[PDB]
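> Here is the sequence, then the experimental structure:
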Amino acid sequence: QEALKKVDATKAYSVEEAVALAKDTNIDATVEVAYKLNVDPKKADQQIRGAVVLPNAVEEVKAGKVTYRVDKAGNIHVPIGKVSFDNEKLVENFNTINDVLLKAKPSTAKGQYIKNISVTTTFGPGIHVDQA
RNA sequence: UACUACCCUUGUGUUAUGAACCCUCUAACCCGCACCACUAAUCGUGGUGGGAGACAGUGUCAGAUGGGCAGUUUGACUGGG
Ligand SMILES: [Mg+2]
Ligand SMILES: [Mg+2]
Ligand SMILES: [Mg+2]
Ligand SMILES: [Mg+2]
Ligand SMILES: [Mg+2]
């Protein structure tokens, strides 16, 4: 019950803090990056989509290719591996995800591109962050 | 299908805000209401009560009405016109 309470909903944890406490907030569980976007998810020009390997078709099918694709809700969220993975390796996984998602930008975006941003797991409560 | 969150439509609430509308207040404005003083003054200015009251009045802007008023128009040909 109290795993939903221990997490500091007020604070924007760093990537490192987030992946570290993701190990705790499980009571096994796949960690999950989540963006809520400023784009229009209901138009073809902004249907963000793709797939990328977690380093932590053997290069794709076996190496741990996780797919990302934004839903109609504007919420694109992707697995980045289990809580039993090393936390700096989770930082590397999120580096992969964040870099590829930011560099896959629809050029017609607005002043803000990420409305909200957070982490969860298969039993992870929300861990909101501020892109750093 | 459990459960975690990213959440999305729909409609309930708290709070902060913005408008419209009704009532209530009085402290602005007003009283060809009373009393006091200036003061011998049916003026006026103040003071004290009472009444109305953020209306009215006044200013600006706009719409309707407007011979009450004003300025003007109201052809030529043509066996007169
Ligand atoms: Mg009279
Ligand atoms: Mg006339
Ligand atoms: Mg003249
Ligand atoms: Mg004539
Ligand atoms: Mg004639």
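That came through, no problem. Numbering: from 1, shown residues only, chains lettered A, B, ... in the order given. Ligands and ions are numbered 1, 2, ... in the order given.
> what's in contact with the helix or strand where residue A:119 lies?
Residue A:119 is part of strand A:114-121, with elements assigned from DSSP states H and E. With C-beta atoms under 8 Å, 6 or more residues apart in numbering as the contact definition, strand A:114-121 has outside contacts at A:13, A:18-19, A:22, A:25-26, A:29-38, A:74, A:77, A:83, A:126-131. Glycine gets a C-beta too; all of them are placed from N, C-alpha and C.
> Residue numbers of chain A in contact with RNA strand B?
Contacts of chain A with RNA strand B, taken as C-beta under 7 Å from any atom of the strand, map to A:4, A:32, A:34-36, A:71-75, A:77, A:115-116, A:118, A:120-126, A:128.
> OK, contacts around residue A:4?
For residue A:4, the contacting residues are residue A:125, taking C-beta under 8 Å, 6+ apart as the criterion.
> One more: residue A:16?
Residues touching residue A:16, when contacts are defined by C-beta under 8 Å, 6+ apart, comprise A:87-88, A:91.
> List the residues that contact residue A:105.
The neighbours of residue A:105, taking C-beta under 8 Å, 6+ apart as the test, are residue A:113.
> What separation is there between it and RNA strand B?
As for residue A:105, its distance to RNA strand B is 18 Å (criterion: C-beta to the nearest atom of the strand, to the nearest Å).
> I appreciate the help and will end here.
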